[PDB]
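Each remark here refers to the structure printed beneath this line.
Quick reminder, even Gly has a Cβ in these numbers, built from the backbone with ideal geometry, and neighbours come from all protein chains shown. Values in this text are rule-based calculations from the coordinates and carry no lab data.
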Protein chains: 4
Amino acid sequence: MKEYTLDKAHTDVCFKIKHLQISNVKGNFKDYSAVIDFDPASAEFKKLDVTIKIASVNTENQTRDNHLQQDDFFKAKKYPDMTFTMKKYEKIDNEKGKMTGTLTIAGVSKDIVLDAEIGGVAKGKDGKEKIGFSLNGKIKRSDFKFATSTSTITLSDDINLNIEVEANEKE
Amino acid sequence: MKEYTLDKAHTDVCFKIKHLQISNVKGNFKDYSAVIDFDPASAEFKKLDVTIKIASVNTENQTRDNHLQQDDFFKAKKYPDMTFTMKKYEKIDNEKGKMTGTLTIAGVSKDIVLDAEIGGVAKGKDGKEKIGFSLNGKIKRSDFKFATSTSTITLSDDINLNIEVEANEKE
Amino acid sequence: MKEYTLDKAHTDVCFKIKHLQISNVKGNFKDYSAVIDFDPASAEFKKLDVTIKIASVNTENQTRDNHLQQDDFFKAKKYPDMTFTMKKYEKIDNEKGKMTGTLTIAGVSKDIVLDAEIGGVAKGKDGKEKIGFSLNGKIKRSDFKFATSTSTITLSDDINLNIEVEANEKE
Amino acid sequence: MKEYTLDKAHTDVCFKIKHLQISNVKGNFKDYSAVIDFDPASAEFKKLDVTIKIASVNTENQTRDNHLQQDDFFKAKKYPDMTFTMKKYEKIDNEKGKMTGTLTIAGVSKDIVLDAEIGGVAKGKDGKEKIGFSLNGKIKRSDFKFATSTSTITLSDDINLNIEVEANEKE
């Protein structure tokens, strides 16, 4: 034989190990329209109608937003927009209510509950009305047969919705 | 009632969805010693003995390297170093061999196989010997009861070892 | 050389592949007490106070129910029971309400919302009162620092509560 | 108000919690052919050629074996069989060797290493030759672009091969 001594500068004692990490994908939508009927005297919504153009999805990532439009997700060619239609608003108090409505994603429709939290009915700058309010709720991908190819392991079945609204009076 | 029109600048149609991502944790060890007996005439290792000071782990992350020393991992107080001892080298050809040896991690010992790939026996700068060679192999955390508290879901049971060596002759 | 022909009866072309499966752990509790104050004239709960003896957990598995009592879960020696105390009941209609209360698990307390669904106020067999009702809600393990050693990957952060009640009048 | 006492027989304090479980999918193949050239005097394989009919997959599950034939897996219509062809056998000793060969799965081909473990060269019942031997190795789904739609989270990238052989002499 023969003996050797390491050269520490060009020797590497290395390892690789695979691990999972859970993370939140958080996105908004840049382009959407709404019809808002709300009566500050009773603090009750009367009509809430929302259309969101899928094309406008923004999850802080160019390449994933594209992939969202594809057939294993939104199918944006065939179904260009998702829609919400209020069917019922059930008042809890002047700050809180349970909003039921029809959500449609990729041409499939389920009724959902959103938690309305009225964040302040004012009469703003110019003496015309403003209102803040939030809508919050969880929906299940499985309920809308969304991304059915993607397992509920890889991507959660649960989608948390957070709609934050400021809104001004008509004309 | 009363009608409102969104202010798009202070309205946000948001969602959150939890997903998993797989990733490789890749680290080395800054401080280790070796005894290397190798016979270039037969290209056979005769003795390979390695001690790696756990304290010197570097996985490009200060806070995780600490956490590696803790009791749910390396137990570096009680077991300050991990060791490899060659028991057998089985030659495939002049470039390749199957090295069997005892690995000890946190005072538990299993025999492993590493794949020796001899990357060039030269006689360098000053007319003294050098050798390159790699040792590659997979070990199972479960075999050494490592991180037993961490599931094989979160962190893989499989650890890939890659030892890259340059090494010079004695005295 | 020499040629051979398989014996198919004692030859096996085999493979192993690791995959994940998501599943629901569903359990009840065999031993618990409650104080129920409810006014059928207004269909409003007035007091709801529940203590559940952790020892009585039943998730259709002997060995896991034990493991639930251990320190990486319930700590049943130190904290023998978990408790719910109603602080608020907010009526939606005669069938529905939003119940807020303090939940304590292993000596940690958070206020929760349960969805009360009144399933029928009758006057039963003997002319004494009965009531059906359900309480439903989701709580987060992280909110109560529960099983903190177990990742939110392996076991979901989300716990769905379903309390199904039948209940009779006093004395 | 009014007070109620639970009826424990028709009251249920329930919970649901989602958790992951890792498990091994283990299958064989019922229908396959082989050409085996082996020289007991030198204990070296000379030729090893295997074709496995995908249709014959058996993973102890009727409905999954079907699903294996589909386009997100084996594509059994277009690619009815997978094949192994030995290109090299490198002897370690009389019991052990490193077999290199071309594996093809769904019309994609990679060279693999299997670990040959010769389990006994005998001359059996009738004075004609038999041989036992195993071939063992890991292959990566990603190397063969297999099940590319299924993530390496849900189903492991790693496939362990275990070929157990008994085999008799010609004619």
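Listing for the model above:
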{"quantity": "Residue match in region B:86-102 (condition: surrounded by 13 or more Cβ atoms within 10 Å (Cβ to Cβ), in contact with a helix residue (DSSP H, G or I) (Cβ under 6 Å, 6 or more places away or on another chain), within 13 Å of chain A (Cβ to nearest Cβ) and not charged (D, E, K, R))", "calculated": "no"}
{"quantity": "Conditions (1) of a type in the set (A, V, I, L, M); (2) touching a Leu at 6+ places or on another chain (Cβ under 9 Å); (3) in contact (Cβ under 8 Å) with a residue 40 or more places away in the chain: number failed by D:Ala106", "calculated": "(2)"}
{"quantity": "Restricting region D:8-34 to residues that are facing chain C (nearest Cβ under 7 Å), assigned to a strand (DSSP E or B) and hydroxyl-bearing (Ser, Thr, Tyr), the residue that is farthest from D:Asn58 (Cα to Cα)", "calculated": "D:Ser23"}
{"quantity": "Failed criterion for C:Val108 (all others in (1) more than 9 Å from chain D (Cβ to nearest Cβ); (2) among the β-branched types (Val, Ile, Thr); (3) touching a helix residue (DSSP H, G or I) at 6+ places or on another chain (Cβ under 7 Å); (4) surrounded by 17 or more Cβ atoms within 10 Å (Cβ to Cβ) hold)", "calculated": "(4)"}
{"quantity": "Breaking point among (1) of a type in the set (D, E, K, R); (2) facing another protein chain (nearest Cβ under 9 Å); (3) under 22 Å from D:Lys138 (Cα atoms); (4) out of contact with any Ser or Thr (no Cβ under 6 Å at 6 or more places or on another chain), for D:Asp72", "calculated": "(4)"}
{"quantity": "Filter result (within 15 Å of the chain's Cα centre (by Cα) and touching a residue at least 24 places away in the same chain (Cβ under 8 Å)) within region C:117-142", "calculated": "C:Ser134, C:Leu135, C:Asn136, C:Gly137, C:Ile139"}
{"quantity": "Pick from region C:35-48, criterion assigned to a strand (DSSP E or B) and exposed (fewer than 15 other Cβ atoms within 10 Å of the Cβ), ranking: farthest from the other protein chains (Cβ to nearest Cβ)", "calculated": "C:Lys47"}
{"quantity": "Residue within region B:158-170 that is charged (D, E, K, R), surrounded by fewer than 18 Cβ atoms within 10 Å (Cβ to Cβ), closer than 21 Å to B:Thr59 by Cβ and facing another protein chain (nearest Cβ under 7 Å) present", "calculated": "yes"}
{"quantity": "Options C:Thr59, C:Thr5; residue that is at the interface with chain D (Cβ under 9 Å from one of its Cβ atoms) and within 29 Å of D:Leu155 (Cα to Cα)", "calculated": "C:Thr59"}
{"quantity": "Selection within region A:103-141 - touching a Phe, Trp or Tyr at 6+ places or on another chain (Cβ under 9 Å), at negative phi and part of a loop (DSSP other than H, G, I, E, B)", "calculated": "A:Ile118, A:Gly119"}
{"quantity": "Filter result for C:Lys2 (surrounded by 14 or more Cβ atoms within 10 Å (Cβ to Cβ), among the charged types (D, E, K, R) and within 30 Å of D:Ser42 (Cα to Cα))", "calculated": "yes"}
{"quantity": "Residue within region A:27-41 that is over 22 Å from A:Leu155 (Cα atoms), free of Cβ contacts under 8 Å to residues at least 40 places away in the same chain and in contact with a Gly (Cβ under 6 Å, 6 or more places away or on another chain) present", "calculated": "no"}
{"quantity": "Extreme residue, farthest from C:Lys88 (Cα to Cα), among residues of region C:135-155 that are out of contact with any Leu (no Cβ under 9 Å at 6 or more places or on another chain) and of a type in the set (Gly, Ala, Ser)", "calculated": "C:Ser149"}
{"quantity": "Test result for A:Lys98, in contact (Cβ under 8 Å) with a residue 12 or more places away in the chain, of a type in the set (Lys, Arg), part of a strand (DSSP E or B) and in contact with a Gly (Cβ under 7 Å, 6 or more places away or on another chain)", "calculated": "no"}
{"quantity": "Test: residue in region D:131-144 that is over 30 Å from B:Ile153 (Cβ atoms), within 14 Å of chain C (Cβ to nearest Cβ) and of a type outside the set (A, V, I, L, M)", "calculated": "yes"}
